[PDB]
Structures are given as C-alpha cells and as structure tokens.
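Student: Right, I'll just put the structure down here and ask away after.
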Amino acid sequence: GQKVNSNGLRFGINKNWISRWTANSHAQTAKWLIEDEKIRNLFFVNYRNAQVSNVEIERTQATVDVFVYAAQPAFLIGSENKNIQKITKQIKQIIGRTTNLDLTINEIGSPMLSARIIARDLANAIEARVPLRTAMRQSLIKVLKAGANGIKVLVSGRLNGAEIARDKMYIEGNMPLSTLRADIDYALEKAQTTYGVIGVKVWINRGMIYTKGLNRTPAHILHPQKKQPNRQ
Amino acid sequence: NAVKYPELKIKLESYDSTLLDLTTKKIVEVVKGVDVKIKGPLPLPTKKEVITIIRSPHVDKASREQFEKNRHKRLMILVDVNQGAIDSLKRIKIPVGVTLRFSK
Amino acid sequence: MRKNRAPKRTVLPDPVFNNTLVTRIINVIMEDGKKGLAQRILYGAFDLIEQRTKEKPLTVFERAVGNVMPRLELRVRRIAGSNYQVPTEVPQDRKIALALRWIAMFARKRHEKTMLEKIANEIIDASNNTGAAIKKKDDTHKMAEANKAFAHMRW
Amino acid sequence: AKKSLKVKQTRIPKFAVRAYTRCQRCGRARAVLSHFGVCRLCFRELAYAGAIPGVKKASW
Amino acid sequence: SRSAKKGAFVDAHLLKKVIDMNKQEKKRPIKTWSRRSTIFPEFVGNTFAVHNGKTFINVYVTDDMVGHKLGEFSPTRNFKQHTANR
Amino acid sequence: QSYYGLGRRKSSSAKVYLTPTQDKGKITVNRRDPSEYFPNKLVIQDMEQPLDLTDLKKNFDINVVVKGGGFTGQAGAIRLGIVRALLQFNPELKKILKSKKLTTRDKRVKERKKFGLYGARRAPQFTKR
RNA sequence: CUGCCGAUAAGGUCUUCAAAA
RNA sequence: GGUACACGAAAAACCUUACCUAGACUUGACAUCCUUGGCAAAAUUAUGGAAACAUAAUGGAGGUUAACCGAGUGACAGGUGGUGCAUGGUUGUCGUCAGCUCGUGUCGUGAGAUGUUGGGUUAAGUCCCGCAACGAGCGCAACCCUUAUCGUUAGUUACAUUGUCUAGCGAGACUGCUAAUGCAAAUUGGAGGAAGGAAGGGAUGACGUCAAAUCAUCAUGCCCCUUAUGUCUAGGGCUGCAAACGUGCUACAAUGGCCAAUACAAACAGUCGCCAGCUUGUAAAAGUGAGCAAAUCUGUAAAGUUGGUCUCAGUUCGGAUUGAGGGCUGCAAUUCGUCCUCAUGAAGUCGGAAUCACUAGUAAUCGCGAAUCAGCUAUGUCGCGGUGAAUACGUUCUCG
Ligand SMILES: [Mg+2]
Ligand SMILES: [Mg+2]
Ligand SMILES: [Mg+2]
Ligand SMILES: [Mg+2]
Ligand SMILES: [Mg+2]
Ligand SMILES: [Mg+2]
Ligand SMILES: [Mg+2]
Ligand SMILES: [Mg+2]
Ligand SMILES: [Mg+2]
Ligand SMILES: [Mg+2]
Ligand SMILES: [Mg+2]
Ligand SMILES: [Mg+2]
Ligand SMILES: [Mg+2]
Ligand SMILES: [Mg+2]
Ligand SMILES: [Mg+2]
Ligand SMILES: [Mg+2]
Ligand SMILES: [Mg+2]
Ligand SMILES: [Mg+2]
Ligand SMILES: [Mg+2]
Ligand SMILES: [Mg+2]
Ligand SMILES: [Mg+2]
Ligand SMILES: [Mg+2]
Ligand SMILES: [Mg+2]
Ligand SMILES: [Zn+2]
C-alpha cells in the first residue's frame, strides 16, 4: 500500500527544517518560498559531479545565508576560485541585488551513508547503460562497508528498457520504518533514460537518536572535519 | 545613573518551542548579569493554525491529511534598563527562528 | 463472534419520587436530545394524575407499568420458509425496558391533545388493564401460547 | 494552454476583479493557499521536505 | 436590486452612437455587442443588433421596453424538443 | 479555617470555598442564587449528591466561582469541587465518598471531528448499487 | 433439518540474461 | 460496483476556462543560444474602436548596460493535443487486516515441504511451551502528539470571590502488590489510586491484488499540429430539460409556531481587515467613528429558564413558486450574485418493495469559527463547544 513520506513523518520531532525563516506578510511569504526552491534545485540539477548532499537556506528581513554541504567541493571551488564567482552571480540574480548573501560551502563527512548522493550515483549508473543488478549491488556493498545499518533501495520504472514496468528492491538489515526514534534519511531521484524515466528511492538507517531534541546537532558530517569557507 | 527607557516590554514568538525556551534562558541570564529586576518570563497561549490538504492527486477527497504550524508566544517586561543593560543587549544574537516585538 | 458481554451504565435513582424507573421513561420519551423538556412533560402528567385519580402518582405509575410488563418473548428463527417462533423468558432489566418503550410508543399516537395529557391518559388507562399497551402485551402472550410447541427448540 | 495563462496572471489586468491567484511553483489555478501562495499538491511536496518552517504533521 | 446612487448603466460607447444616430434621420440597425446596457429613454425609436452568441438578432425598442437590459430581449440558447431515449 | 476544592468537567473550572457555619448552608453559585443561575431543572440536587448522604447540617457556607462550560458541565465541576474541598475536613469521609465513585474525574470530554466523517463517530451514508 | 437457488461474448501481456565483479 | 456520483472543483457573471461564435497575430504572449546596439517598458490622457489593436502625446525607474529594452537571426518556443495498456511521482482498496518472505540446515528424483503448522494467551505471526528445525527482516507493539490528577517555574494583556488559567520541565500506572490456577507466558478478582490491565482519541497502513485512479497538479518516452490543435480580446457556454438515480437541507408540528425578558461555552480569525458606540432607516444597510497587529479591541451564542398566546385546522403548520420596492460587492448581477421588506401561499398529516449509520460524551440535536473568496440558496468541507440518550441475551441465520 501507500506509505507516508519517511522524511515528512519525522519533521518537527527529530528532524529540523531545511529552511528556517519568518516572513513579514502573506505576500512576502510566497516570494521567499519559491525563490529558495530555485536555489536548491539549481545546486542539485546542475553542478552534480560534486555530490551535493543537502543545501540549507537561512534568511532574515534582508540577509540571505546559504549552507551547502558537498562530498567533493573542488568542483564548486574551481581553478583558483573561478566557478565560485559564477555561482555567486547565479544566486544574486535569483534573490536580488538589494539583499546580502553569505553563501557557505561546508565539506561533509561520511559521504556514503547519505541517501541523496547514493540516489544520484544510482541514477547516473542507470543513465550510463550500466546493468541494474550489478549497479545496486556495488552501491549496496560499499555503503554497508562504510559502517551503517540496513539500506533499502527501490528502483521502479521501465526497467532495462522493457515495455512492461517492474520494480526491484533490496533490503539488507533492520530498516524500522514505523519507528520514530530511528534516523532514516530518504531521497528520491529521477534517472532520465532514453526509454523513459526511472524512479530510485533510497532508505538508509543511520542508528538510533537516543538524545531527545529537534536535532540542532549535525548528522553524518561530524566524523571527519567539516569546514572550508567562502563566507564573511 | 539613568534609565532612558521605562517599561521595556519584550515579546517573543517563534514557530519552534525549544529554541524559544533557549532564547529566554539567554535573555534572562544577561539581563540578570546586569542590574535589572525581571518581572518574569511568562508564557502566552500559542496560536495554532491548521491546513487540511487532500492527499490524492485527482479523486478521493475523503483521504485528506493535515498539517499544523504553532506560533509559540512569550512575554517579558523590563522595568529599568539603562545603558549598562542596553549596551550588553547589543551582543545577544537571537537565533533567527525567534521573533522579537520590542515595544519600547 | 464477539465473546464479550457489554458493560452497563448506571440507571440513577429518580430525583423526586426516588424511583429509578422514572429516569428510564424520561430517556425513552426523549426526542431532539432535550433532557429539560422531557422532565417537564412527564412531571406535568403526574400533576394531572393527582387532579384526576386523587392517589399517589408513583403508586399509579408502578401499577400501570407493572401491569403492562410482559412475561414471554417471541424470537424469530427462520429455517426454510417463514419463521417458526420461539417463546423465551425475558430478563428483568429488559422487562421494564420493553414496557416503557411500548408505553411511550402508543402514547405519541393517541387522539388526545398536548402530549402531557396524552401520556397522562395512557398511564391511567393502563392501571385498569384496558388500553393500547395492554393489547400489545395480550397479543404477544397469546402468540407465545399458540406457539408453545417449538419452545423446546431454540438454537 | 498553460504557459500563456501563467504569464498573463503575472501581468496586471485592466480590471481589478480580473486578477486571480495561481500557484507560484506550478501553474495550477484552483485550490491555491493564499497563506502560502502554493497549491495543495505542491504544499504537500514542500511540507514533506522541510522547506516551510514549522509545518509539522498533526496529531490534534 | 441595483443601487440607487449608481443609477442605470450604459457602456457610453452605445450611448455615443445612439446620440449620433438619433440626430441622423436615415437610421439603420445599430450593431452593438453590449447586452449589458440598460435601455435609456433616448434609445426609443432605434433598432439594435444584439449578439446572441452566434448572430446579431434585431430588436426594435419601443416606449414600453424601457428599463430592462438590452440583452434581455434576445436569446442565447435554444431548446424545443427532446427525443425518446428507448 | 476554610477549605478549597477545584473540580473540572467538560472544560469548566470550579472554585469551591468551604466555610464553617452554623446558620444554614445557604448554597451560592457565582454570587447568585442557585435557583436563578441554573435552569433549576432539578439539577441542584446533583451537586449536593455527595453533600446529602453524609450531611449538610454542618451548614458549610459555599462560595462557588465557575467560569466556563454550559450548565450541566458547571454542575459537574462543583460536585467534584465540593468533594475536593471535602477531602480536607475529616479524612474518613473520603473512604465512604470513594465507594460511590464520587472522588474521580469523569474523564469524559467531547471527541474531535474526523475528516471524511459527519462528526466524532458518525459516517456518511453508504450506497452500494 | 432438509423451500427455491439458472447463467456469465473472442484473442491476448509480464521475465529480460549471467557472461561477472 | 464495493473503491464514481456536495468527486477533481478549498468559490464557473467578466476573470477562472481547457468549449462555441466572431474580430485580430506569426521565431510569436513567455525562453535560451548565437552578430549587434541601447538615449526603455509601463502606466495614463486623445481619435477610431465590442474590446483585441492602431495611429499622437508626458517619453520617463534606472544605469550606460546591470536586469531588461531592443534590432538581425535560424535552431526553435508553444499544445489542458493522443496514449495512466510505455512510465516516474501521488492515491483508493482488501486493511491497521495480521499477515509476506529470506539466510543456513534437513526431507523429497521434482514442483515443493520445514520453520510460519500442535497446545495455551491476546487486537495481533503478541508471547510462552512443544517441535528438523536454528535465526533474521518488513509488518504488530512501544518510542511521537493530544485529553484526564498532581508537583515545580512564571504572574501580564490572564486571575484579582486569589489561586483559576495559560505553557515549559517533571512526577504519576509499571500486572508494580495481593488472592486464585498454569511449567511459562498469561487470564480473572481485590487493594490503593485521578487513572488497571492497548486509561480515550490521533499520526503511524507489510509483500502484494484490481494492467484500480490521475499525461487536466507537476515531470516524462513516443506519436501528432507548427501563419495553427499555438496567441490576444469581446459575446455566449460550463446554470439547458420529456426524464432517472446518489448525497444533503427544509418540513409535514403543540417534545410545536409566534412574541417579550433572560443565564451559561470552546476554538479560531482579524489592518484593502475585525468593526464597538452613536445618528438615520419597517430591514438588509449607510454616515460618523473610536479600539485592536491582538490572553488587552472586535466577530450579539443558540438550544435551555420564566411569562403571554395559539388549541390540532392543511392551521398563527409548511415554506415553495410568483409580482413589486429596496441594500451590498463589483467595470458589469438579463443569460447567471446573494440579502432585506412587502404580496401570494405548490406539495407535504410520517412516506411502498428495500435499505444506511452508530457501542458515551457516542447516536440524535443546537449554535460558533476557519479555509479558498471583491460578492455568492456551501444547506458543502474542515474544525469547536452546549444538552445528551437506548441497547448488546447470543452466533442459529446474513455480509466480509
Ligand atoms: Mg500542463
Ligand atoms: Mg423459492
Ligand atoms: Mg471503483
Ligand atoms: Mg469564461
Ligand atoms: Mg534614458
Ligand atoms: Mg552601450
Ligand atoms: Mg503533450
Ligand atoms: Mg494503472
Ligand atoms: Mg513441525
Ligand atoms: Mg514454532
Ligand atoms: Mg504502530
Ligand atoms: Mg485501465
Ligand atoms: Mg465569456
Ligand atoms: Mg455544475
Ligand atoms: Mg452534511
Ligand atoms: Mg409555547
Ligand atoms: Mg479587559
Ligand atoms: Mg394537502
Ligand atoms: Mg411555515
Ligand atoms: Mg439577477
Ligand atoms: Mg396530524
Ligand atoms: Mg463499536
Ligand atoms: Mg436533524
Ligand atoms: Zn502548485
């Protein structure tokens, strides 16, 4: 049957919001809401070879702050800070010159156990004509070796160019979806294949959060260092 | 010694609760580190708005989920502040989520 | 298919004549969820009973309701064609309840005037074993007596 | 016929009563939440990702 | 229904043509798309071609038809007979 | 030596003040005569239900403040309020009062309306054919 | 504890594959 | 069909709008890429105009082209056009039912079996025993929210008849103690307790079935159109009407109709708004006009209590339909807005065969608020409180 979004079921209890701002009026609540979606989509659609895991947005009456986590930030940084200037101009055109931006790339730790880049890698493999069975298994084994709990991958679509759509799942371990205390990270991606669209869904279990609180604490960014800059 | 501001009525509101308590703890600690008689961090009723949205894309109006957004609210009135408190009030840095209604 | 027996809510002793049963009939004549209205209607009928019968209203009500109470109950049991009925002894709780339901049902159909006098007349007409509720009790009793043979087989 | 209606909605009409509100992410016209400027089926997607601060699931 | 202070309503394009057309003796049918214009006393004696949706139906206004709307004296849809289903 | 009790039922508070007196109880609700504050639809006995079977001759002066609810709900609040004040004068009374279950919050409140349903527990008419 | 109780247009998907990691 | 029919649509007069009739346009209303300049688009006033659009005007923020304003320019833009039987995504249904499988091992030539079936206990594949099975995953349960008692912090815009109330933290209920019987889980009773044995409600919905629903939220393979299936505007249409069905409202009445006085809520919402009071008006409302960015100000609570009257009538029931006069929104109320006042007074006196919902604050019923919204016979939808029942003996029949 149908299931409630795993990310959406855990918001406001154990998971913080990706955008944290309070608008002035119901007219300014819509502009500030579509614009941040454009920024997030920009980061995700293009600049994909970087493995951007999550982009957070922080806005005040007039000051915009962006916290961008990536696995390989060299591509964003570019050759002696070139590509970086380009993206700043991109961000300024979307929000406006009248405001103040404080974009912040922040390098990420433990990149494997994140459902976003795994789905992106999965989608790239399917688009690259890689056999589906082999592609998921290599991603599954590497993620488990990274030192996490069970992972559930559902890859539904016109499998292998077939005319009848199927779906292949591969769970390997305890994925307690009905439990609220668990840390389940979820992401979904659309692999654009020449024979249509492939939907990949990745459920990852990253332990149990036994410390009550609406997070305010990082998630799989702590193990190695996490810095770099571009801020003020 | 001076005041320059009688009856400084600080009002707090935010979508989140735990951050709101944290901001009141920080505000109270600084304002008591200076010589001000805090009346008290009282709680106000939280205005809750609820929006009902149909889950399905086309049919089956019966299956409709719900969402909520709580406006947690607090009140805090300062009797006498003076520069000694006001200058220290400049370095507070209130976490974005909390919203201030300073009424002088 | 249930295997559980339902609980029972309290009946409450009446607030005037201290005769529980008054509260039950109040709830029976209830319509539109008006507790107030029903009490007024019923209580007014006892006052009319005083003016007419010159006797204690609680005693008259018991003499009417106790006389209306049936003894046998006919439960429908179909096998192949129609239903052969089965007379069974009804419990004491259901005895009073069925009596009250019939009293109210024939009271809201009389040719009389305001239901105060309507309901007042039915109870006074039932204390002398000559009314509409009596006939209903008579009919079911005679039907059970006629169908005495199948009483042994119930299910 | 979607793109032309979206552009026309942004453009000011010649009568005040000629102005209607259409979702700002997609182009859906009916069932638009003025409190958020987002239609019912984009508000679900946005709410399930955490983009709107404070919109949590309800238990009542 | 319609308020008092507001009064009646014509598009004033129909009003201008009617003033011009009443002065000219050899009047001809006036092609108006305004079914919304109320018939004003000066309209009396002229003939109009109101757009029913498809064509322009000709209405000759009189001293009596005064007060209602110009589109009210023309139709828009047509129904004259059903057909046995079975 | 006064006694205080706080009852509640259907979102209706109660402030009952028990004052020792020997000149008739003079029941009083919100500074008004009980016969006028309530539809006097015989609801007055209910609140006094735990104050009757034990006694009211002790002439306890009652100072009731109720703010909220309808009228039966307010009546339910003061009975619990009367009982909660009664738990400070002669803790024996508690035992017998406990018996009749007159020392328990009724815990009964109106349910929330559910989507797709015409009420708390009702549901639309179902048509198969 | 044996009332009664009849029918249902044609042709159709769906396993691509282990060579292997 | 159940799982469509107050459904998409949480607002069809214009707009919406995807339809029809007409008047107009062609790298186009919107976009990028390219050679190339910016010394504008708007808005508004004129004339012709149904308005699209044209000819004339103030030639316009700015920042030297940033964004856009353009020229030239072909790739192209555009499609609510087809295919949900190509799909992604989302959802209904069995069903919150208790199931669905895997690893290793064993049996069988094999499909396959085992575990998952036996005996007890539950709402439960919940648990305990037995057991060629030993374990594991998803579901179940708990962790989350809310209501019920209390402690602590805080006391204004609540309270101020002094400890309500509001919202942060915490305590509390754990079959924890006892009696019975069972190996053990566990069942029943009692004690104390605000709460007793999933304390009430909500979120939470396994593999899968029905090629179930949606290309018309969005995205998308493929096919089709490309001075037209694309675009702008005016008018009509989505509101028809011999008919049938579904879901609701109002009734057929003295448990009531009308009139007067009058007591008691919770939740939510509000600066193009809520609108107090006052003046005018038979009334919808108008004018004046404070107060409130809100525990402060505003959004009249009704059923209910008492008094008067009707006296069972197609009526002082019932309000349909129709005519006239008014008020509000809006360019605009005829197609096709609703409200008030006056006038009229259809059917209908409990509804055939057959059917639907509901196990306590529930059914029934009375009001209040919000969403989309300039306005809307939303009587719809989502919420909040006031009053407040009857019954469950049992699984023989009935459906799953
Ligand atoms: Mg579209
Ligand atoms: Mg037969
Ligand atoms: Mg169906
Ligand atoms: Mg239209
Ligand atoms: Mg210039
Ligand atoms: Mg230049
Ligand atoms: Mg298409
Ligand atoms: Mg399908
Ligand atoms: Mg076995
Ligand atoms: Mg076993
Ligand atoms: Mg659960
Ligand atoms: Mg189909
Ligand atoms: Mg039109
Ligand atoms: Mg319609
Ligand atoms: Mg309804
Ligand atoms: Mg009367
Ligand atoms: Mg006040
Ligand atoms: Mg008749
Ligand atoms: Mg009537
Ligand atoms: Mg009209
Ligand atoms: Mg009659
Ligand atoms: Mg039940
Ligand atoms: Mg009703
Ligand atoms: Zn949308």
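Student: Working carefully through the options C:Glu55, C:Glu73, find the one that is more than 26 Å from C:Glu145 (Cα to Cα), more than 16 Å from ligand 24 (Cβ to nearest atom) and more than 14 Å from chain F (Cβ to nearest Cβ).
Tutor: Selected residue: C:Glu55, the only one of C:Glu55, C:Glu73 that is more than 26 Å from C:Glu145 (Cα to Cα), more than 16 Å from ligand 24 (Cβ to nearest atom) and more than 14 Å from chain F (Cβ to nearest Cβ).
Student: Among A:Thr22, A:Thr63, which is the only one that is of a type in the set (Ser, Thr, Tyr), more than 30 Å from A:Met208 (Cβ to Cβ) and surrounded by 16 or more Cβ atoms within 10 Å (Cβ to Cβ)?
Tutor: Going through A:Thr22, A:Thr63 in turn, the sole match is A:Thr22.
Student: Here's something else I'd like to know. Taking the range E:67-86 on its own, how many of its residues are part of a loop (DSSP other than H, G, I, E, B), within 6 Å of RNA strand H (Cβ to nearest atom) and either under 10 Å from the mean Cα position of the chain (by Cα) or closer than 14 Å to E:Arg35 by Cβ (or both)?
Tutor: 4
Student: A:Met208: touching a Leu at 6+ places or on another chain (Cβ under 7 Å) and exposed (fewer than 15 other Cβ atoms within 10 Å of the Cβ), yes or no?
Tutor: Answer is no for this residue.
Student: Take the conditions more than 6 Å from RNA strand H (Cβ to nearest atom) and surrounded by fewer than 11 Cβ atoms within 10 Å (Cβ to Cβ) and apply them to D:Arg22. Does it pass?
Tutor: In short, no.
Student: Let me ask another. Might you let me know whether the range C:123-136 holds any residue that is away from chain F (no Cβ under 14 Å), among the β-branched types (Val, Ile, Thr), loosely packed, with under 14 Cβ neighbours inside 10 Å and near RNA strand H (Cβ under 10 Å from one of its atoms)?
Tutor: no
Student: Now a separate question. Could you check C:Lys113 against (1) of a type in the set (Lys, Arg); (2) within 14 Å of chain F (Cβ to nearest Cβ); (3) not in a helix (DSSP H, G or I) and say which number it fails?
Tutor: Condition (2) is where C:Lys113 drops out.
Student: Sticking with this structure for a sec: May I ask you to list the residues in the range F:32-50 that are in contact with a helix residue (DSSP H, G or I) (Cβ under 6 Å, 6 or more places away or on another chain) and either of a type in the set (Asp, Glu) or more than 11 Å from chain C (Cβ to nearest Cβ) (or both)?
Tutor: F:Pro34, F:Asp46, F:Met47, F:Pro50
This table checks each residue for (1) closer than 22 Å to E:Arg77 by Cα; (2) surrounded by 12 or more Cβ atoms within 10 Å (Cβ to Cβ); (3) under 13 Å from the mean Cα position of the chain (by Cα).
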| site | (1), (2), (3) |
| --- | --- |
| E:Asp11 | no, yes, yes |
| E:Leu15 | no, yes, yes |
| E:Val18 | no, yes, yes |
| E:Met21 | no, yes, no |
| E:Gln24 | no, no, no |
| E:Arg36 | yes, yes, yes |
| E:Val50 | yes, yes, yes |
| E:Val61 | yes, yes, yes |
| E:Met65 | yes, yes, yes |
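Student: Here's a follow-up. Confirm whether B:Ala62 is away from chain D (no Cβ under 14 Å) and closer than 30 Å to D:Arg28 by Cβ.
Tutor: Criteria met by B:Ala62.
Student: Quick one: in the range A:153-164, of everything that is farther than 15 Å from A:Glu189 by Cβ and either touching a strand residue (DSSP E or B) at 6+ places or on another chain (Cβ under 6 Å) or within 14 Å of another protein chain (Cβ to nearest Cβ) (or both), which residue is farthest from RNA strand G (Cβ to nearest atom)?
Tutor: A:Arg158
Student: When only residues in the range D:20-51 that are within 7 Å of chain A (Cβ to nearest Cβ) and closer than 20 Å to A:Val55 by Cα count, which is farthest from ligand 24 (Cβ to nearest atom)?
Tutor: Checking each candidate, the answer is D:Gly50.
Student: Also, quick follow-up: May I ask you to say which residue of B:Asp21, B:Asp16, B:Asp80 is charged (D, E, K, R), touching a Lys or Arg at 6+ places or on another chain (Cβ under 9 Å), within 14 Å of chain D (Cβ to nearest Cβ) and away from ligand 24 (no atom under 16 Å from the Cβ)?
Tutor: B:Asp16
Student: Take the conditions surrounded by fewer than 14 Cβ atoms within 10 Å (Cβ to Cβ), more than 6 Å from RNA strand H (Cβ to nearest atom) and among the small types (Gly, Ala, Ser) and apply them to D:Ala58. Does it pass?
Tutor: Considered against the rule, which asks whether it is surrounded by fewer than 14 Cβ atoms within 10 Å (Cβ to Cβ), more than 6 Å from RNA strand H (Cβ to nearest atom) and among the small types (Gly, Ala, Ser), D:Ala58 comes out as no.
Student: Same structure, new question: Could you tell me whether the range A:188-211 includes any residue that is away from ligand 24 (no atom under 16 Å from the Cβ), away from chain B (no Cβ under 14 Å), in a loop (DSSP other than H, G, I, E, B) and among the hydrophobic types (A, V, I, L, M, F, W, C)?
Tutor: Checked against the condition, which is being away from ligand 24 (no atom under 16 Å from the Cβ), away from chain B (no Cβ under 14 Å), in a loop (DSSP other than H, G, I, E, B) and among the hydrophobic types (A, V, I, L, M, F, W, C), the range A:188-211 yields at least one hit.
Student: Report, ordered by the first and then the second residue, all pairs with beta carbons closer than 8 Å, sequence separation of six or more or different chains, a first member in the range A:18-41 that is within 7 Å of chain D (Cβ to nearest Cβ), and a second member that is exposed (fewer than 14 other Cβ atoms within 10 Å of the Cβ).
Tutor: Filtered contacts from the range A:18-41: A:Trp21/A:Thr60; A:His26/D:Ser34; A:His26/D:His35; A:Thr29/D:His35.
Student: Within 13 Å of chain F (Cβ to nearest Cβ), more than 16 Å from ligand 24 (Cβ to nearest atom), in a helix (DSSP H, G or I) and on the phi < 0 side of the Ramachandran plot, is that true of C:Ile41?
Tutor: Judged against the criteria, C:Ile41 is a match.
Student: Go through the range A:177-199 and count every residue that is more than 21 Å from the chain's Cα centre (by Cα) and either outside the structural domain of A:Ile164 (by CATH) or buried (at least 20 other Cβ atoms within 10 Å of the Cβ) (or both).
Tutor: The total comes to 0.
Student: Ok, one more. Answer yes if at least one residue in the range C:63-74 is in a loop (DSSP other than H, G, I, E, B), at positive phi and not hydrophobic (A, V, I, L, M, F, W, C), and no otherwise.
Tutor: No; the residues of the range C:63-74 include none that is in a loop (DSSP other than H, G, I, E, B), at positive phi and not hydrophobic (A, V, I, L, M, F, W, C).
Student: Among the residues of the range F:104-116, which ones are within 6 Å of RNA strand H (Cβ to nearest atom) and either surrounded by 10 or more Cβ atoms within 10 Å (Cβ to Cβ) or away from chain B (no Cβ under 14 Å) (or both)?
Tutor: Across the range F:104-116, the qualifying residues are F:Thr104, F:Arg105, F:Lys107, F:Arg108, F:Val109, F:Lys110, F:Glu111, F:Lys113, F:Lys114, F:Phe115, F:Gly116.
Student: Another question about this same structure. What number of residues within the range D:1-49 are more than 30 Å from A:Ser6 (Cβ to Cβ), outside any helix (DSSP H, G or I) and more than 9 Å from the chain's Cα centre (by Cα)?
Tutor: Final tally of qualifying residues: 9.
Student: May I ask you to list pairs of residues, at least six apart or on different chains, whose Cβ atoms are under 6 Å apart, with the first in the range E:57-86 being under 20 Å from E:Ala8 (Cα atoms) and the second being of a type outside the set (A, V, I, L, M, F, W, C) and more than 8 Å from RNA strand H (Cβ to nearest atom)?
Tutor: Note: pairs meeting the criteria are E:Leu70/E:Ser37.
Student: Is it the case that some residue within the range B:30-53 is within 18 Å of D:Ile52 (Cα to Cα) and in contact with a helix residue (DSSP H, G or I) (Cβ under 8 Å, 6 or more places away or on another chain)?
Tutor: yes
Student: Does A:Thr104 count as at negative phi, more than 14 Å from chain D (Cβ to nearest Cβ) and more than 16 Å from RNA strand H (Cβ to nearest atom)?
Tutor: Answer is yes for this residue.
Student: Only one of these conditions is not met by C:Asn18: (1) of a type in the set (S, T, N, Q); (2) more than 7 Å from RNA strand H (Cβ to nearest atom); (3) at negative phi. Which number is it?
Tutor: The single condition C:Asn18 does not satisfy is (3).
Student: Out of the residues in the range C:82-113 that are without any contact (Cβ under 8 Å) to a residue 40 or more places away in the chain and within 16 Å of RNA strand G (Cβ to nearest atom), which is nearest to C:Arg63 (Cα to Cα)?
Tutor: Step by step, filter the range C:82-113, then rank; the result is C:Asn83.
Cβ coordinates were reconstructed from backbone atoms using ideal geometry, including for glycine residues, and neighbour counts include every protein chain displayed. The values are calculated or read from the model by the stated rules, or taken from the named source; no laboratory instrument gave them.
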